[PDB]
Amino acid sequence: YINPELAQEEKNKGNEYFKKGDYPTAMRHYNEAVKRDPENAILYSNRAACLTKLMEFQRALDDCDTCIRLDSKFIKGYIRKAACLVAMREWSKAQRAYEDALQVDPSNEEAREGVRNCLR
């Protein structure tokens, strides 16, 4: 059952615990946010960042694809995908994910720095 205000509230509990670095507890809240507004791309971007810190790389990249599917214009899905691949040391795939972001917005500074980071 869709509840987008509750999803927002849960997003924030998530983001807060993310920042005290208790990702276990942040994840409980990101899961609930996703449950309540499952078509909202940003919730998957957010959850992907957390899953990546936890080294749940398979689940992280699933969330990045979800984000990219739900909103192909939302740059952070591509950024989170690239960042996860950097965390995996998948450099060649990471470089292409950042380049996919740059296709969406060639002025994106985070993606341009990400390409620099991928030069080995």
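Summary of the structure given here. (Residues numbered from 1 in each chain as written, not as in the entry; some residues may be left out. Heavy atoms only, no water.)

## Observations concerning the overall build of the protein
For clarity, the threshold we go by: To qualify as a helix, a DSSP run of H or I must reach at least 4 residues; to qualify as a strand, a run of E must reach at least 2; elements of each kind are numbered from the N terminus. In this setup the radius of gyration rests on C-alpha atoms only. A globule is expected at 2.2 Å times the number of residues raised to 0.38. Working definition: with a 1.4 Å probe on protein chains only, accessible area under 20% of the residue-type maximum means buried, over 50% means exposed, and in between means partly exposed. Working rule for contacts: check all heavy atoms of both residues, and any pair within 4.5 Å makes them a contact.
When helices and strands are counted, the protein shows seven helices and zero strands. In sequence order, the protein lays out its α and β elements as α-α-α-α-α-α-α. Computed over C-alpha atoms, the radius of gyration of the protein comes to 14 Å, within 12% of the 14 Å expected from 2.2 N^0.38 for 120 residues, which places it in the range of a compact globule. The principal-axis extent of the C-alpha atoms belonging to the protein is close to 40 × 25 × 20 Å. Taking all 120 residues of the protein together, the buried fraction comes to 44%. Partitioning the intrachain contacts of the protein with sequence separation of at least 6 by distance along the chain shows that 46% fall at a separation of at least 24.

## What to know about the environment of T52
Rules: A 3.5 Å cut-off defines polar contacts: any pair of N or O atoms within that distance qualifies, except that in protein one atom must be a possible hydrogen donor and the other a possible acceptor, and neighbouring residues in sequence count only when both atoms are side-chain atoms.
On the secondary structure map, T52 appears in helix α3 (residues 41-53). Owing to a relative accessible area of 16%, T52 belongs among the buried residues under this scheme. Note: C-alpha distance between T52 and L85 (33 residues apart in sequence) is 9.2 Å. Setting aside anything within four residues of it in sequence, one finds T52 in contact with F57, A60, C84 and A87. At 2.8 Å, the side chain of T52 forms a polar contact with the backbone oxygen of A48.

## Concerning helix α2 (residues 23-36)
This is how it is decided: Take the residue count of a helix, subtract one, and multiply by 1.5 Å to get its expected span.
Taking 1.5 Å of rise per residue, 14 residues should cover 20 Å, and α2 covers 19 Å from first to last C-alpha, within 8% of that figure. All of the buried residues along α2 are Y23, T25, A26, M27, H29, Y30, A33, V34 and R36. The secondary structure elements touched by the buried residues of α2 are α1 (4-19), α3 and α4 (57-70).

## A look at the pattern of salt bridges
Just so we agree on the cut-off: Salt bridge criterion: a side-chain nitrogen from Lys or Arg within 4 Å of a carboxyl oxygen from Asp or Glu.
Tallied over the entire structure, the rule returns four salt bridges. Measuring nitrogen to oxygen at the nearest pair gives 2.7 Å for the salt bridge that ties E110 to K76. Note that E110 is positioned in helix α7 (residues 109-118) and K76 in helix α5 (residues 75-87), a separation of 34 residues in sequence. Note on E110: relative accessible area 39%, which makes it partly exposed.

## Here we look at the packing of aromatic side chains
Rules: Aromatic pairs are defined between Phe, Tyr and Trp rings, using the six-membered ring for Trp, whenever the two ring centres lie within 6.5 Å; interplanar angles under 30 degrees are classed as stacked, those over 60 as edge-to-face, and all others as tilted. Either the NZ atom of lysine or the CZ atom of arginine qualifies as a charge over a ring when it sits within 6 Å of the ring centre and within 35 degrees of the ring normal.
Counting across every chain of the model gives one aromatic pair. Taking 5.4 Å as the distance between ring centres and 65 degrees as the angle between the ring planes, the aromatic pair formed by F18 and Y23 counts as edge-to-face. Residue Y23 is classed as buried on the basis of its relative accessible area of 19%. Geometry around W91 places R120 over its ring, the cationic atom sitting 3.5 Å from the centre.

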